[PDB]
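The next block holds one structure in the form of structure tokens; read it before the comments.
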Ligand SMILES: Nc1ncnc2c1ncn2[C@@H]1O[C@H](COP(=O)(O)O)[C@@H](O)[C@H]1O
Ligand SMILES: CC(=O)c1nc(C(=O)O)cc2c1[nH]c1ccccc12
């Protein structure tokens, strides 16, 4: 039964559920808020099959809102803060949203959205101009309903990834396997609209406490870990580096930390290495996709082998991984090919688009869109996203391999390598490179470094020094923006 997930989370909630800016929130108080928000969403006439789009910041009420939406047998649709109004609006429509719930603090964006798409019901967590306040019940208990098709979440890329309640329950099990037994004091500075939100549920479910920050500032995270004696934190890779390289870090007390988790985007091995030294044996990397959820983790002990700094780790329990050719046949250990995944955590499919779902799923296996290989010890190494491979006359140049080499140089902090088409080379390799502090390395040294380590075909023809590598909304390297610089 689909309602089993929301109950699992609800059943877990301990003494203190959330801490943040304004102090603490007891389990009691959080439970209450779920019941309340649940009743209110039910009353507003939102039916089970349909989606509840949610626009909010990282607030404790937003944790309750998700859980309520899911308990009343609807699918949660977290509108990403960094997404454009046009992308967000497409999401509300395509997810079959019966409602837009929003926080007063983002009424501007709510208004903007409503001028672009129409939604039966419009509610808000507090008094607002453009919507009906929901925070306005007896000894009323939480009254669950079942989603017709068992969907807990729909989350967008522009496809809507539909995740089952079963899958989200499996993620709790995964979380425990990666992060330890509870309770956790888990610091979440990433948006609750996506993975942050699932981490919060995993945290509650295991009887721990969520610690919220609105955005990421290195000092803030450092104070928070010490003040709240946090055990866990999830950072984007860039944030890891900022935190590890911060001057206060050795002055600070982070003895509470059992896990500093990072992932979501490819990591810079040398910068990771540095973090593993500066922070303790607490570093853990996580690899997932929107479609696959969790796939693999690299443990703190894995981080103490330099060989493994180019890896994502061993697959998690119940996660089967296969490396495959263009044909579709299984390759041996050490071979490079497409990463395919079978697991309990994989998507059900792309919402109301089986055309696209079918080019991605095949026999229970999910094509992640990544390319990689396994080592002697069974750690997966990603050589590239499929889009990002550079082909030259029947040879694959994996852009991430070139970046690793470039970035090993002491004067290079970051690198994005792309192809542009060339009649005489097939594609010509190009590198945007971010230089250290106030260094001035020699393009030719970098070219040479690449040539010594990989070979002639890998050596970037052009090398542009840039102040930073542009990111996507999601915070991944925008290698399409970079491709354009060199055309
Ligand atoms: N730990 C990691 N190392 C390398 N790439 C990663 C990691 N975690 C996530 N990713 C990338 O994020 C991609 C998908 O992100 P998304 O488009 O948001 O699903 C994956 O296909 C990976 O290439
Ligand atoms: C494990 C991880 O870092 C991760 N990454 C992504 C990504 O999009 O890059 C997505 C997910 C990740 N973990 C998840 C768990 C449940 C659902 C989705 C995800």
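In the deposited numbering, the protein residues as written are -1 to 134, 138 to 158, 165 to 494. All C-beta atoms, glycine included, are put in the ideal place defined by N, C-alpha and C.
- Could you give the C-beta distance for residue 63 and residue 73, rounded to a whole number, given that I count them as a contact under 8 Å? Contact flag wrong, Cβ pair sits at about 13 Å.
- Task: Return the first residue and the last residue of the beta strand (DSSP E) that residue 492 is part of.
- Result: In the DSSP annotation of this structure, residue 492 is not part of any beta strand (DSSP E); the continuous alpha helix (DSSP H) holding it starts and ends at 486 to 492.
- Query: How about the segment 314 to 321 and the segment 333 to 344: do they share at least three Cβ pairs that are nearer than 8 Å?
  - Reply: The segment 333 to 344 and the segment 314 to 321 do not touch, with fewer than three beta-carbon pairs separated by less than 8 Å.
- Message: Does the distance between the C-beta of residue 273 and the nearest non-hydrogen atom of ligand 1 fall short of 7 Å?
- Response: The nearest non-hydrogen atom of ligand 1 is less than 7 Å from the C-beta of residue 273.
- Message: Across the segment 285 to 303 and the segment 264 to 273, are there enough close Cβ pairs to call them in contact, namely three or more that are closer than 8 Å?
- Response: With a cut-off of 8 Å, the segment 264 to 273 and the segment 285 to 303 count as touching, because enough Cβ pairs lie within range.
- If you drop the 5 nearest sequence neighbours on each side, which residues of the same chain put their C-beta closer than 8 Å to that of residue 429? Residues of the same chain with a CB within less than 8 Å of the CB of residue 429, apart from the 5 flanking positions on each side, are 435 in chain order.
- Message: So if DSSP puts residue 347 in a beta bridge, which residue, or which two residues, is it bridged to?
- Response: According to DSSP, residue 347 shares a beta bridge with 329, 374.
- Task: To the nearest angstrom, report how far apart residue 157 and residue 8 are at their CA atoms.
- Result: Their Cα atoms are separated by approximately 26 Å.
- Query: Using a threshold of 7 Å, is the CB atom of residue 294 nearer than that to any non-hydrogen atom of ligand 2?
  - Reply: Yes.
- Query: Taking Cβ to Cβ, would you say residue 71 is nearer than 8 Å to residue 145?
  - Reply: Yes; because the gap between Cβ atoms is below 8 Å, this pair is in contact.
- For the segment 191 to 209 against the segment 174 to 183, are there 3 or more C-beta pairs whose distance is under 8 Å? Counting Cβ pairs under 8 Å, three or more are found: they touch.
- Query: To which residues of the same chain is residue 261 closer than 6 Å at the C-beta, ignoring the five residues directly before and after it?
  - Reply: If we look at residue 261 and ignore the five residues flanking it on each side, its Cβ neighbours are 232.
- Could you name the residues that DSSP lists as bridge partners for residue 401? In the DSSP output, where bridge partners are listed per residue, residue 401 has none listed.
- Message: Bridge partners for residue 209 per DSSP, in chain order?
- Response: DSSP lists no partner for residue 209.
- Task: Please name the residue, chosen from 464, 28, 251, that lies closest to residue 277 on a Cα-to-Cα basis.
- Result: The shortest C-alpha separation from residue 277 is found at 251.
- Message: Less than 6 Å between C-beta atoms, sequence neighbours within five positions excluded: which residues of the same chain meet that for residue 130?
- Response: The residues are 121.
- Among 325, 432, 442, which one has its Cα closest to the Cα of residue 420? Comparing Cα positions, the closest option is 442.
- Query: Helix, strand or coil: how does DSSP classify residue 154 here?
  - Reply: Residue 154 falls in the strand class under three-state DSSP.
- Item | C-alpha gap between residue 110 and residue 458, whole angstroms | Cα to Cα, the separation comes out at about 52 Å.
- Message: Per DSSP, what are the beta-bridge partners of residue 232 in this structure?
- Response: According to DSSP, which records beta bridges pairwise, residue 232 is partnered with nothing at all.
- Query: Would you call the segment 214 to 222 and the segment 170 to 180 touching, i.e. three or more CB-CB distances under 8 Å?
  - Reply: Of all C-beta pairs linking the segment 214 to 222 to the segment 170 to 180, fewer than three are shorter than 8 Å, placing the two stretches out of contact.
- Item | Buried or exposed (CB count within 10 angstroms, at least 16 for buried), residue 298 | Around the beta carbon of residue 298, a 10 Å sphere encloses 16 or more other beta carbons of the protein chains shown; the residue is thus reported as buried.
- Query: In chain order, what residues of the same chain have a beta carbon less than 8 Å from the beta carbon of residue 488, not counting five sequence neighbours either side?
  - Reply: Here residue 488 has 477 as same chain residues with Cβ atoms under 8 Å from its own Cβ, once five neighbours each way along the sequence are excluded.
- Hey, would you say the C-beta of residue 348 is under 7 Å away from at least one heavy atom of ligand 1? No, since every heavy atom of ligand 1 falls outside the 7 Å radius drawn around the Cβ of residue 348.
- Query: When you compare each of 51, 310, 323, 170 to residue 301 by their alpha carbons, which one comes out closest?
  - Reply: Ranking the options by Cα distance to residue 301, first place goes to 323.
- Task: Kindly indicate which residue of 313, 295, 41 has the alpha-carbon position closest to the one of residue 352.
- Result: By alpha-carbon distance to residue 352, the top candidate from 313, 295, 41 is 295.
- Message: Measuring straight from C-alpha to C-alpha, what distance separates residue 343 and residue 375?
- Response: In a straight line, the C-alpha of residue 343 is about 14 Å away from that of residue 375.
- Item | Cβ-based neighbour list, residue 83, same chain, cut-off 6 Å, excluding 5 preceding and 5 following | Counting only residues of its own chain and dropping the five nearest sequence neighbours on each side, residue 83 has a CB closer than 6 Å to the CB of 110.
- With distances taken Cα to Cα, identify the nearest neighbour of residue -1 among 133, 90, 208, 150. Taking only the C-alpha atoms, the option nearest residue -1 is 150.
- Task: Measuring alpha carbon to alpha carbon, tell me which of 102, 66, 108, 103 ends up nearest residue 86.
- Result: Comparing Cα-Cα distances from residue 86 to each of 102, 66, 108, 103, the minimum goes to 108.
- Note down the Cα distance separating residue 385 from residue 118, rounded to an integer number of angstroms. Answer to the nearest angstrom: the Cα atoms are 51 Å apart.
- Query: Looking at residue 418 and residue 446, is the spacing between their C-beta atoms short of 8 Å?
  - Reply: Going by C-beta atoms, residue 446 is nearer than 8 Å to residue 418.
- Query: From residue 303 to residue 126, what distance separates their C-alpha atoms?
  - Reply: Distance between the alpha carbons of residue 303 and residue 126: 43 Å.
- Residues of its chain near residue 364, where Cβ-Cβ distance is below 7 Å and the 5 sequence neighbours each way are ignored: So the list reads 356, 357, once near-sequence residues are dropped.
- Pick from 456, 203, 453, 209 that is closest to residue 187, judged by C-alpha positions: When each option's Cα is compared against that of residue 187, the closest is 209.
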